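Chains as they are written, first to last, in the deposited numbering: chain L, 1 to 214; chain H, 2 to 131, 139 to 217; chain E, 333 to 516, 520 to 526.
Written below as C-alpha cells is the structure these notes are about.
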Amino acid sequence: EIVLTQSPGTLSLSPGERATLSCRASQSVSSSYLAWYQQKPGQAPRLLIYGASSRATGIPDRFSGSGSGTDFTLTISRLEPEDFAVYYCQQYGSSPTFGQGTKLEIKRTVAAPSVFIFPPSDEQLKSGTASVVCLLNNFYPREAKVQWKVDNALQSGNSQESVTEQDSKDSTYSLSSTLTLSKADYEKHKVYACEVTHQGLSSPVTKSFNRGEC
Amino acid sequence: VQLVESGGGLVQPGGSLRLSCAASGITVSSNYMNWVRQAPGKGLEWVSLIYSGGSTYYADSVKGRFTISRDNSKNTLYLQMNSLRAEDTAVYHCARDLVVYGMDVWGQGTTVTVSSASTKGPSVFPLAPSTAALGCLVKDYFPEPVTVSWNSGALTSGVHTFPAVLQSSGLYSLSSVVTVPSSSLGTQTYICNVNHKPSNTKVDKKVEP
Amino acid sequence: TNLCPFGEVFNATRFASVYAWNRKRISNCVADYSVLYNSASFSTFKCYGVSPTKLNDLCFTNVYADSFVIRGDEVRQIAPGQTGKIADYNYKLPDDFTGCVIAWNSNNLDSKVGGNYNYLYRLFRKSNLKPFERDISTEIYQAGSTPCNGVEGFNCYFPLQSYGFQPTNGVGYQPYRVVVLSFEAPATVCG
Ligand SMILES: *[C@@H]1O[C@H](CO)[C@@H](O)[C@H](O)[C@H]1NC(C)=O
C-alpha cells in the first residue's frame, strides 16, 4: 500500500516567513492524486491543493503545491496568522490514505517552565488511592520530559500527561503529569520527586516532597 | 452546499450504530463518497468509500464490521457500524470525493463514543500549595465533559484547564490550575467550580495550603 | 484454412484508450493458441472457463479480440466479478466469462518523457457498464441537482481523465497492453 510520512512533525515559525511542509510516499506515486488539506482546531479539513500543484477555488495565492515521484511539498510563501493549523497530505491507491499531519506553530523565544509538585489530598487517601500531580507552567518549545522518581527509582507506566493548546497571548504550553498509586503502595515510600528536563533549563529541575511532612 | 452528520452517540463495545449524512447541494448517488474519522488527538483516517455505481471499499481496520450505503430518495449517505470497539471512538466525517480534484466538501462530523462504563460523577480533590500554583483535580467521571471555572468566573488570568485523560478504568480525569502571586495566598480565597451535567453533579471546592 | 490475424491485434502499433476499447472480430480462419501461450513474453495470461494448453483442439462460432491500454494496478480488474474504475466504468467482463485475458508491459512503447496523455480512462459515471458495454460519451458529468448544460465548473466535470505515462512511473503506474479473447450456429475458427 501507500504510506505517506509528513515531515517535520511540528513546524515552528512566525508570521511573514515561508513554510515548507513535506510529504513522502513509501513508493512512486501519481501526482494527479496528491491533495493537501488544512485543519484548524475544532473544524473540518479544508482542501487547499489537488492534483499536486492546483489551488482549489477560494485558496489564496500564498499556498502552492510542488513535487513528483515520492517527495511532495506544500509551500506558504508569506505566513499569515490564520495559517497556523495542522496540514495533511493525501494520496490514492484503490482508496484514500492520509499523512499523519504537520503542526504549524508560532515560534517564540525559549521559556523555561515553572515546575510544581502536589502531594495527594487527605480526602483521597481515605478513598484508597493517591494521585501525585506535577505541573509545568508556561514553557516553550513544547518538548519537555517529566521523570517521576519514587525514593529515587524512576517510575515507568503509572503516569499520564496532557498538554494545553499553544497560548493565544504568550504562545507557551503548559503540561500536567499525574502519577497514580494505591494508598497501600503510596504509604510504602517516602520521597516523591518530579524531574523536568527542558531546553530552557541548563540542568533538570526536580520538585519533590516527603510523604507525611507538614 | 453542505454535509450534515447525525447518529453519533454513546455505544457499548460489541454494539452497533448507524451514522447518517444528510447532504444538500450535491446528490449522493452521483458521487464518490467517503467516511473519514479522527480519533482524539490523532489524524484523519479514511474508513469507507462508495462509488456512484455502487462499488464499495473499506479500510482493513473496519472490514467486516462497517458497511456504507445510501438512500437516493432521501439524499442521505449512511454508515452502519457493527461490532464496535473502543478504537472506533472518533469524530466521523462524510466528504465528497472527486478523486483527482480531492475531497472538496466535508461535514463537521458526528462524535461516536465506545466504552463499557456507566455515568459517574467526578470527585474534586484540591491541589494545595505549601509565583504560586494551586489547582483542582477532577477525577473519575464518565462521560465527558465537565466545566471548570475559578471563583465563579472572576479569576481567569493564569488559569489552565487541561485536556482530560481517559484512565485505565475507562474513567476520565482532568486538572485545572492557576498561578497567583504568592503573597496573595493568605488574603484571597480560591474556590474552583466543577459542574458535570450528565451526573447532575456540581461541586465548589476550596483550595487552601 | 487461412491463419487468423492475431498479429494484427497483438502487434498493432496503436492501441486504444480503454474507455473506447477496440473489438476485432475473428472468423473463418485457423488459430494456434499454444503459439501465443509459448510466447512467454506476457506477465498475465489467465484463462477462465478453458485451458490454455487445451485451446488448440477446439472450435467456436466467433472469436472476439478486445484490446486497450490500462495501468499495471488495473490489469487485475480485467477478470470476472471485479470492481474498480476500469471494471465499472470502462471495460467489464461478465461473470460467466469463458475466454482468456492477456497483458504485457508497454512502457517502452506507451510512455513519453514529457508525459503521454493520449491514453484516457472514464472516471465519472452514474452506474456501471453492462458486460462488453462501450461508453464513448463525453457529456459533462452532473454531480448535483442543477444541470451542467455543457459547462464545466462546480458539480460539472469532464467524465474522461488522462493517464499520464512517464517511463519513470512506478511499475504499477506504468502502461500495460491488454488483449481479451472471448469465445462464442456453425463454426469458423479452429486449430
Ligand atoms: C509480432 O512480431 C514478432 C516479430 O516478427 C513475431 O516474432 C511475433 O510472433 C509477432 N506476434 C504475433 C502475435 O504475431
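Ideal Cβ positions, reconstructed from N, Cα and C, are used throughout, including at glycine.
Residue burial classification, residue i (beta-carbon count within 10 angstroms, cutoff 16)
| i | result |
| --- | --- |
| H/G110 | buried |
| H/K213 | buried |
| L/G65 | buried |
| H/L145 | buried |
| L/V3 | exposed |
| H/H94 | buried |
| E/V483 | exposed |
| L/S7 | exposed |
| E/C391 | exposed |
| E/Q409 | buried |
| L/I117 | buried |
| L/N137 | buried |
| E/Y449 | exposed |
Neighbouring residues, chain H, relative to residue i (Cβ below 7 Å)
| i | result |
| --- | --- |
| L/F116 | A141 |
| E/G476 | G26, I27 and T28 |
| L/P45 | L45 and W107 |
Under 8 Å from the C-beta of residue i: neighbouring residues of chain E
| i | result |
| --- | --- |
| H/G54 | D420, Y421, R457, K458, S459 and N460 |
Proximal residues of chain H, C-beta to C-beta of residue i below 8 Å
| i | result |
| --- | --- |
| L/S53 | In chain order: nothing, as chain H lies at least about 12 Å away. |
Residue i versus residue j - alpha carbon distance
| i | j | result |
| --- | --- | --- |
| E/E471 | E/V401 | 22 Å |
| L/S121 | H/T209 | 20 Å |
| E/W436 | E/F342 | 10 Å |
| E/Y489 | H/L163 | 56 Å |
| H/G178 | H/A40 | 16 Å |
| E/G502 | L/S26 | 11 Å |
| E/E516 | E/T430 | 9 Å |
| E/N481 | E/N487 | 12 Å |
| H/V2 | H/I27 | 7 Å |
| E/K356 | E/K424 | 17 Å |
| E/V382 | E/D420 | 25 Å |
| L/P41 | L/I59 | 18 Å |
| L/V86 | E/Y351 | 39 Å |
Chain-ordered neighbours of residue i on chain L, where CB pairs are closer than 7 Å
| i | result |
| --- | --- |
| E/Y505 | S28 and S30 |
Simplified DSSP assignment, three categories, for residue i
| i | result |
| --- | --- |
| L/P96 | strand |
| L/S127 | helix |
| residue 136 of chain H | Structure remark: chain H lacks residues between 131 and 139, so residue 136 of chain H is without coordinates. |
| L/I76 | strand |
| H/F170 | coil |
| E/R466 | coil |
| E/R408 | helix |
| L/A153 | strand |
| E/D428 | coil |
| H/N73 | helix |
| E/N437 | strand |
| L/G67 | strand |
| L/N158 | coil |
| L/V110 | coil |
| H/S157 | strand |
| E/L368 | helix |
| H/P127 | strand |
| L/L48 | strand |
| E/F347 | coil |
Under 9 Å from the C-beta of residue i: neighbouring residues of chain H
| i | result |
| --- | --- |
| L/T164 | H168, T169, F170 and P171 |
| E/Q498 | Going along chain H, no residue has its Cβ under 9 Å from E/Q498, so there is no contact; the nearest lies around 17 Å. |
9 Å Cβ cutoff met for residue i and residue j
| i | j | result |
| --- | --- | --- |
| L/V146 | L/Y192 | no |
| L/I106 | L/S203 | no |
| E/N460 | H/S56 | yes |
| L/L48 | L/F72 | no |
| H/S17 | H/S84 | yes |
| L/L175 | L/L201 | no |
| H/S21 | H/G8 | yes |
| H/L45 | H/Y33 | no |
| E/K417 | E/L455 | yes |
| H/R38 | H/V113 | yes |
| E/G496 | L/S31 | yes |
| E/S371 | E/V510 | no |
| E/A397 | E/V433 | no |
| E/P491 | E/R457 | yes |
Beta-carbon neighbours of residue i, restricted to chain L and to distances below 8 Å
| i | result |
| --- | --- |
| H/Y58 | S94 and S95 |
| H/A40 | Per Cβ cutoff of 8 Å: no residues; H/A40 is ~12 Å from chain L at best. |
| E/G416 | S94 |
| E/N437 | Under the 8 Å cutoff, chain L gives no residues; its nearest Cβ is about 15 Å from E/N437. |
| H/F126 | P120, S121, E123, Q124 and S131 |
Distance cut-off 8 Å: residue i Cβ against heavy atoms of ligand 3
| i | result |
| --- | --- |
| E/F377 | Absent from the structure shown: ligand 3. Ligands present: ligand 1. |
Contacts that residue i makes with chain L (C-beta to C-beta distance below 9 Å)
| i | result |
| --- | --- |
| H/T90 | What H/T90 touches in chain L: nothing, since even the nearest Cβ is about 17 Å away. |
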